[PDB]
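Q: Protein chains in written order, with the authors' numbering: chain d, 36 to 52; chain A1, 27 to 108, 123 to 384; chain 3, 94 to 188; chain D, 61 to 297; chain X, 87 to 171.
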Amino acid sequence: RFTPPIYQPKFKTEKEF
Amino acid sequence: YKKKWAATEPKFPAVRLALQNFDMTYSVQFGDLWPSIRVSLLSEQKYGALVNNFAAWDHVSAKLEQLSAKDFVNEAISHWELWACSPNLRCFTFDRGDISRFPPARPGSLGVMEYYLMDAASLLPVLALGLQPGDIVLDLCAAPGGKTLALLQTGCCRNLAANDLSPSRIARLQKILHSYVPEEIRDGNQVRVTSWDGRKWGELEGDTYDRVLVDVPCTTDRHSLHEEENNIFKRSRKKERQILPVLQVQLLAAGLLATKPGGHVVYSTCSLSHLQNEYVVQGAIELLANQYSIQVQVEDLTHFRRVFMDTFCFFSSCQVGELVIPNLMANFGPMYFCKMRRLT
Amino acid sequence: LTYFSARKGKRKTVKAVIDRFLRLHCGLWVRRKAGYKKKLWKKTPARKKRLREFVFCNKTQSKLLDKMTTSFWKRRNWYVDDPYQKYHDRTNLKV
Amino acid sequence: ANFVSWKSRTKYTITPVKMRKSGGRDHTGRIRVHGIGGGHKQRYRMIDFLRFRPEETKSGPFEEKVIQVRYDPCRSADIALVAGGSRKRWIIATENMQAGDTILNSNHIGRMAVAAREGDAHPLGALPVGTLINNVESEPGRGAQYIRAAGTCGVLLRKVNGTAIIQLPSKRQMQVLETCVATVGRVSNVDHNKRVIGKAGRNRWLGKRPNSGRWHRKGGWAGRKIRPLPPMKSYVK
Amino acid sequence: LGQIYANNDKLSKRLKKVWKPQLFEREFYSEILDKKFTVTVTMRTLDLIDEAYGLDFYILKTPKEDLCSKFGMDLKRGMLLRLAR
RNA sequence: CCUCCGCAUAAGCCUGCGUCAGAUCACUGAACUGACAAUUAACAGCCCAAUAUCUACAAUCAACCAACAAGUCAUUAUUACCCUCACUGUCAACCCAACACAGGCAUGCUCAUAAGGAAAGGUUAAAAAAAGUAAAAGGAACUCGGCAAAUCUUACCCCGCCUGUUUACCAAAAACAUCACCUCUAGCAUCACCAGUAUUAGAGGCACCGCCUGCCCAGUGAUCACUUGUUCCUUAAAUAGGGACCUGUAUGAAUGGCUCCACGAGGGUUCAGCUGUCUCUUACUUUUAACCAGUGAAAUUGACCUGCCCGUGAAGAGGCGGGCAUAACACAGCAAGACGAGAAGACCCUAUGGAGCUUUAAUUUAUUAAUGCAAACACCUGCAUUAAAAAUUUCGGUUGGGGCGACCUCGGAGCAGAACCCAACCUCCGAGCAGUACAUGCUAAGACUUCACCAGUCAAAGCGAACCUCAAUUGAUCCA
RNA sequence: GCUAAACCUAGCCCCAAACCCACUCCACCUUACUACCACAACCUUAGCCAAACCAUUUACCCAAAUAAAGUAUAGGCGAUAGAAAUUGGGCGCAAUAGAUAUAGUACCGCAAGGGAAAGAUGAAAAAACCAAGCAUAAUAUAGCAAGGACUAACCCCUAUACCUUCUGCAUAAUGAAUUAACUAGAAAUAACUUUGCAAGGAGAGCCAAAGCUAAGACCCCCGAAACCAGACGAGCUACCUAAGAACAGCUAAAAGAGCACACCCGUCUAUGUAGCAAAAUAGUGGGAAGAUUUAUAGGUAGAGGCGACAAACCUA
Ligand SMILES: C[S@@+](CC[C@H](N)C(=O)[O-])C[C@H]1O[C@@H](n2cnc3c(N)ncnc32)[C@H](O)[C@@H]1O
Ligand SMILES: [Mg+2]
Ligand SMILES: [Mg+2]
Ligand SMILES: [Mg+2]
Ligand SMILES: [Mg+2]
Ligand SMILES: [Mg+2]
Ligand SMILES: [Mg+2]
Ligand SMILES: [Mg+2]
Ligand SMILES: [Mg+2]
Ligand SMILES: [Mg+2]
Ligand SMILES: [Mg+2]
Ligand SMILES: [Mg+2]
Ligand SMILES: [Mg+2]
Ligand SMILES: [Mg+2]
Ligand SMILES: [Mg+2]
Ligand SMILES: [Mg+2]
Ligand SMILES: [Mg+2]
Ligand SMILES: [Mg+2]
Ligand SMILES: [Mg+2]
Ligand SMILES: [Mg+2]
Ligand SMILES: [Mg+2]
Ligand SMILES: [Mg+2]
Ligand SMILES: [Mg+2]
Ligand SMILES: [Mg+2]
Ligand SMILES: [Mg+2]
Ligand SMILES: [Mg+2]
Ligand SMILES: [Mg+2]
Ligand SMILES: [Mg+2]
Ligand SMILES: [Mg+2]
Ligand SMILES: [Mg+2]
Ligand SMILES: [Mg+2]
Ligand SMILES: [Mg+2]
Ligand SMILES: [Mg+2]
Ligand SMILES: [Mg+2]
Ligand SMILES: [Mg+2]
Ligand SMILES: [Mg+2]
Ligand SMILES: [Mg+2]
Ligand SMILES: [Mg+2]
Ligand SMILES: [Mg+2]
Ligand SMILES: [Mg+2]
Ligand SMILES: [Mg+2]
Ligand SMILES: [Mg+2]
Ligand SMILES: [Mg+2]
Ligand SMILES: [Mg+2]
Numbered sequence: 036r037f038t039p040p041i042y043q044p045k046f047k048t049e050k051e052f
Numbered sequence: 027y028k029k030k031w032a033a034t035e036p037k038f039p040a041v042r043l044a045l046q047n048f049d050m051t052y053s054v055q056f057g058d059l060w061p062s063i064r065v066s067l068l069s070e071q072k073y074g075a076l077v078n079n080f081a082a083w084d085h086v087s088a089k090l091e092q093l094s095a096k097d098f099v100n101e102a103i104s105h106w107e108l123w124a125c126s127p128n129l130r131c132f133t134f135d136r137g138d139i140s141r142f143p144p145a146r147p148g149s150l151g152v153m154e155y156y157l158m159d160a161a162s163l164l165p166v167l168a169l170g171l172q173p174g175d176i177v178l179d180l181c182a183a184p185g186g187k188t189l190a191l192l193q194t195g196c197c198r199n200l201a202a203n204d205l206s207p208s209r210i211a212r213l214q215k216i217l218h219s220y221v222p223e224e225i226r227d228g229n230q231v232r233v234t235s236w237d238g239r240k241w242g243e244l245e246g247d248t249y250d251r252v253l254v255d256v257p258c259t260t261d262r263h264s265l266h267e268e269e270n271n272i273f274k275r276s277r278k279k280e281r282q283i284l285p286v287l288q289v290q291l292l293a294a295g296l297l298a299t300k301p302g303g304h305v306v307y308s309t310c311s312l313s314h315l316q317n318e319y320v321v322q323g324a325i326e327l328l329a330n331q332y333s334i335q336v337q338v339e340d341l342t343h344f345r346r347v348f349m350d351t352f353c354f355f356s357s358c359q360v361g362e363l364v365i366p367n368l369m370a371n372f373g374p375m376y377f378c379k380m381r382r383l384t
Numbered sequence: 094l095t096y097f098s099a100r101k102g103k104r105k106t107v108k109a110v111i112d113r114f115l116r117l118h119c120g121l122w123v124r125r126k127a128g129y130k131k132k133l134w135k136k137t138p139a140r141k142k143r144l145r146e147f148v149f150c151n152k153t154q155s156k157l158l159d160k161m162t163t164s165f166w167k168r169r170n171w172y173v174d175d176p177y178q179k180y181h182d183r184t185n186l187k188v
Numbered sequence: 061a062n063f064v065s066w067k068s069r070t071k072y073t074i075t076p077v078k079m080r081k082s083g084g085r086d087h088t089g090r091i092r093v094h095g096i097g098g099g100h101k102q103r104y105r106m107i108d109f110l111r112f113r114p115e116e117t118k119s120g121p122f123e124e125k126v127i128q129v130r131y132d133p134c135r136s137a138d139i140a141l142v143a144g145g146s147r148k149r150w151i152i153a154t155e156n157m158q159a160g161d162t163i164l165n166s167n168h169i170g171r172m173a174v175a176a177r178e179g180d181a182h183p184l185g186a187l188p189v190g191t192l193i194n195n196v197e198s199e200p201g202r203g204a205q206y207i208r209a210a211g212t213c214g215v216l217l218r219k220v221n222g223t224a225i226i227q228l229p230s231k232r233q234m235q236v237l238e239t240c241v242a243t244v245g246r247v248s249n250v251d252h253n254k255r256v257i258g259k260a261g262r263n264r265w266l267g268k269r270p271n272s273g274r275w276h277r278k279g280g281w282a283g284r285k286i287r288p289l290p291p292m293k294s295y296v297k
Numbered sequence: 087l088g089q090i091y092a093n094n095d096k097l098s099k100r101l102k103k104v105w106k107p108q109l110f111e112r113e114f115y116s117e118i119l120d121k122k123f124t125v126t127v128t129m130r131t132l133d134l135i136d137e138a139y140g141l142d143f144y145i146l147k148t149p150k151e152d153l154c155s156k157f158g159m160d161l162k163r164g165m166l167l168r169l170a171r
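1. For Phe132 (chain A1), which residues does DSSP report across the bridge?
2. Which stretch, first to last residue, makes up the alpha helix (DSSP H) that contains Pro61 (chain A1)?
3. Can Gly273 (chain D) be considered in contact with ligand 3, in the sense that its beta carbon sits closer than 8 Å to one or more heavy atoms?
4. Output the distance between the C-alpha atoms of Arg130 (chain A1) and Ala139 (chain 3), rounded to the nearest integer angstrom.
5. Please classify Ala242 (chain D): does DSSP put it in a helix, a strand, or coil?
6. Whole angstroms are fine: how far does the CA of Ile365 (chain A1) sit from the CA of residue 113 (chain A1)?
7. Once the 5 residues before and after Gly97 (chain D) are set aside, which same chain residues still bring their CB inside 7 Å of it?
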């Protein structure tokens, strides 16, 4: 009766110009 | 529907249920006599061999005499003098304390079985009828037989009426009378076999029979204790017992409506239960004295009792009629029989 | 039934079919009556004879039987003295 | 698993030796005994249960003097330190062994019964019949195995033609030879049974752990019904 | 190592079975090696030795396959070397 | 103005706010990028020639006294033995929690600082919300309940003896454990139990203590004789007789009930006070809020130019019908509607779907132990039997609201009006044969048929003989 | 006019041919990548699944293509299984494709293990238009957004969104914010159709009483809880083992004592509920010299461990 959260991989957020 | 129940009733076998009902009821009725009746009931039923008169009766009599078995009715008739009992009936039984079983019945020279094995108790109500030649006999409950065969063996009956509600049971009745009684005696309406409601007979035929035998459906005491399947005491079939006592009165009454004025009716029950022994007969007699207004008197069979005192034991506390109780010395089926004639 | 075998990749016949039925070359199938060996004391003689006879099968039964059986069983066989030789071909059949 | 027993000492000494607790675990590492856990750290004192052990290059019946009688963690019975010749060893103490008592150890089987003094050790054949005895051996030169708990005593019941019947404290007979030796009397710390563990803490100190919470219906299986008499069991009300 | 059916009926349960031979430790003398050996053997081996009329004959006659023993082969190697030399 | 924090070591981390140059909530800069620096052993790590041999007496200011659970710290003999300070850790604002996270985190010193820090981006003073402070008269009238605030009470009842333990993340208990008491099993050594031994060890039950509650030992005479029982010797075998034996031990309950001290964040009741719990709410402060400035999410979303009443949709309309209303456009509130949003769906049923548990469900005995027979001369191997302990699989269908079941196939009766078929469901009556032949032999045109198939039914002619009744009365394949 | 769009070539796939690399100095099985001191390997696969359940049973590589032949045979004789003698470079992909691959990297997990994304000038850099979303440019009664129209955008009249599962269903119930790309009918017998040849057809085998040979044309996608085999896990928690450490003050005949810090736990209330936080905060409470709490190392492993039994805990 519990659902664990899921993280999206970090590479997308660390994108630069 | 509710699948789950807080407390479920214990799964008693039907034979145990019969014993339970018998223990809580007959204990109060019989007192100290009840244990001896109980022990006999749970024990084996001793049998008698009724010789077929239509077979070579003399040879069979000689045979059964060789096997140390005595005919009880003959010896009873010998000391009977110190209404008349039904003649031309011969049933051999073993003496008290001799428990040996009679050899099974085999077909004779004439092509009929030479004797019929049945409880000698069940032979008493036939003897209770004062059967005379050229008499018309009504038997409201015939199937499976035994008593009917005995009535035929008497040879005093001009016409026979055999009736039973269940065609299943009348089938075996047909079988036994076919196999025992030759076709020569059947002929045309000398034996009439019918499968209708016994209650209807009262309004169907009236003042038609000089002799009637009423063998009403009972709790079948010995049969209930032994037989598991189709037990009357099975808790599902409880409803039947509630409508059991009234039915008895109805059937009895039909007989008393069909009998001739001064005609003799004998009523028999296979049970010891007072509610279906005496309560029924008093209920029936009051019904017909009030509603229909017919005077009926009941004879005492104390004279009848004293004759078969050597062969049978009799319960002494019965108001009217006679009841036979099983004892291990002389084991015979529990049965009540009473004789009555309607005055007008 | 097996449409493609795992060893050879070809169809397979249902052997249940072959030990119960005879197929005639024309396209008919022959069977025995069910229960022809069963409880013969209670059966009547006419009933008994109706049981002994070898009968044909209707179109759908015949179709199903042909699908359940390979082309080998459908070829023409010239057995020496088979008692079913005459029945292999039809005679005077217009539709 | 990586398990080594602590019982690796091979040379007899008097000095207390450090024990390792097991916790009811094996070499396998899994529990095999329930209700054992860490209590008070204890040092083991080796006991010489071979009472007749004469000194190196020495023979015959010898004598020792009692020096001390001291509490032991590793058993119920009290222990006595005894010296004699140039040897000290731990032994099991009897009822009445105070310091400075003198003890005899012999292998001599006399024709007549020897002195039924307490604390001294004779062959069973030497001892009279009916005498209270302890620390008995099954076979000669094996060592004491049988009566070595607090306040426990067996008795010599019969001696006939090279066989001695002794009854253990379980009131059960045992066959032994007379060549085997037994010390006389009842063992120390009588009323060890009369000791009242005050509280749960006391038991935890003694290295015990509590009984499991789980409910048991019965440890013994029900008597199996027979084919003639099934209905007689569980006959409903 | 095999399987069996429970009561020699194919309709019963299938079960894993292992049949192991009975073993006996027995003493032998090799004539060529002039040495007493004590080896673990079966009745079969004892029977083959009897039929070959001695241990040496048994070892020398029997091929590699039937011997089924590294030690059997080593005995053979020694004996053959002794005959050669 | 704040400090229950700090400084250090350890443990963890690995250059992670030193300098200089560019570069980009906040500086056009820095806790960004690149380049350059740095942490120096005395602290700490990293040890030891051999074989024997020694090592009874706690700690607590160890003194007096006092124990129990019985305790961290020692050598000697002989042989061998002469070179020197190497190597590694040493920084920081730092670790485990996805984060510059109100969480987690051992020891020493400081117990409030000599050390370390900053709750307020600016304004205004709405509502609703959070946290405080005060309150006339009254003092539980509030409420499931004195929950909360207060104030800092008293007497009991139920349960559990108590300290203790438990569902980490909805249950702290009356459950578990527990001292004590009771039952069962075990007569013994070098890996558990155990360097143990029946005042012991294991497997359980109940829950301390204190009391009441304990018998199928054979009866009568009187430790004595008969009468029983159990064995034998008879007895064809019993009515059954004759001998032998039962006085070398002896009770019994993991039984039930009743008080009582102490204790409990346990459940209930109660005295006295007390208070904004309430009558009946109010005022102020802080947080939030609303405005200006910077940064900037989430569930959600068929398209929407998105009204009210009545009817329809049976219930249920912003959108259909009939009326009524109606310039456009922000911001603040509210929660009646949008069958409002979000979820590992609460309940009922279904699946020839799973899984856990139990057993007297079916299949077994692969495993373990015992016993027997072979084999071999105590073990091992094969065969068999008896138990333990397991394993694999299943849990048909219809009908039933206060039950404790009735049914499942075939033929009738109430319903069926006149070719065929068809009054559901339900309520009732029967059948699982019997009697008679023994040509109830063989064969064969053409047909009927319970709506399929399977089954079932009638039959001319012919070959050979002779001068059936019955409404149902029944059972495929494989296989034996 | 922004955000964008557009690209061809890295490389890769299936074949054929051919039997492959094991590598300067130093280091590397102890805590791998650390100069330098007295134990040992071989042991029937099971299960899902099919049988519309399930219990015997249910194709899996064994050394020449074809044929014999789905024949003999086996089998709850059923599902199904199944011989032998004998014969003899490209009508490929081209950056959501093709390998996962720019790479077994970054990242995620204690570990076994999981596992990405993306690039584009020109010979030389020593040289124009199009998705959604928005802006240019907010809006004016009235209503599935349109249609009929009209001089005229609206005004007039007509008009109950789509898909899917139900007999109706307007609407009821599931599904869709929108754009781009990607994302789902695979094959036999037998028939038919069109050819060649014809009592014969076929480039051995097979069929044939007009047949036989060849071709054409018919059989989807995503989703459980499970079961079994082999590895990996006790840095959290349960329990144990070794060697440690902590517990102020006050009362007490001195104790699993009492009050009460630090510490450990979590009774009751309120806040918080995508939070500070995948369980916290404020206050109030329970224990606080003991069956106490706690740091370090080691052990027990899933047909299992551990358990003061809560079906508790064994990396949310
Ligand atoms: C007790 S038996 C008769 C005794 C037996 N025939 C004899 O002579 O010993 C009576 C039978 O009557 C039958 N029955 C039931 N109802 C009936 C009725 N209404 N009329 C007649 N007989 C009836 C029952 O089936 C029952 O078996
Ligand atoms: Mg206990
Ligand atoms: Mg318990
Ligand atoms: Mg130093
Ligand atoms: Mg400062
Ligand atoms: Mg600030
Ligand atoms: Mg502000
Ligand atoms: Mg307000
Ligand atoms: Mg006030
Ligand atoms: Mg009130
Ligand atoms: Mg009120
Ligand atoms: Mg309160
Ligand atoms: Mg308690
Ligand atoms: Mg909880
Ligand atoms: Mg806890
Ligand atoms: Mg709680
Ligand atoms: Mg309890
Ligand atoms: Mg407590
Ligand atoms: Mg707001
Ligand atoms: Mg703003
Ligand atoms: Mg969201
Ligand atoms: Mg409406
Ligand atoms: Mg709407
Ligand atoms: Mg608004
Ligand atoms: Mg559901
Ligand atoms: Mg299933
Ligand atoms: Mg169903
Ligand atoms: Mg009808
Ligand atoms: Mg039909
Ligand atoms: Mg004819
Ligand atoms: Mg299946
Ligand atoms: Mg399927
Ligand atoms: Mg790619
Ligand atoms: Mg890829
Ligand atoms: Mg556009
Ligand atoms: Mg309009
Ligand atoms: Mg559906
Ligand atoms: Mg809807
Ligand atoms: Mg650990
Ligand atoms: Mg615990
Ligand atoms: Mg305390
Ligand atoms: Mg306290
Ligand atoms: Mg429980
Ligand atoms: Mg439970």
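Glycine included, C-beta positions come from ideal geometry on N, C-alpha and C.
A: In this structure, then:
1. Looking up residue 132 (chain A1) in the second sequence gives position 92. Beta-bridge pairing links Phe132 (chain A1) to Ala75 (chain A1) and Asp97 (chain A1).
2. Within the second sequence, residue 61 (chain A1) is the residue found at index 35, counting from 1. Segment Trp60 to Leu68, the alpha helix (DSSP H) holding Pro61 (chain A1).
3. Position 213 of the fourth sequence holds residue 273 (chain D). Yes, since a heavy atom of ligand 3 falls inside the 8 Å radius drawn around the Cβ of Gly273 (chain D).
4. Position 90 of the second sequence, counting from 1, holds the residue named residue 130 (chain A1). Position 46 of the third sequence, counting from 1, holds the residue named residue 139 (chain 3). Each residue's alpha carbon lies about 50 Å from the other.
5. Translated into the one-based positions of the fourth sequence, residue 242 (chain D) becomes position 182. Here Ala242 (chain D) sits in strand by DSSP.
6. Between 108 and 123 the numbering of chain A1 has a gap, and residue 113 (chain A1) falls inside it, with no coordinates.
7. Looking up residue 97 (chain D) in the fourth sequence gives position 37. Closer than 7 Å at Cβ, skipping near neighbours: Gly83, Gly267 and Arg269.
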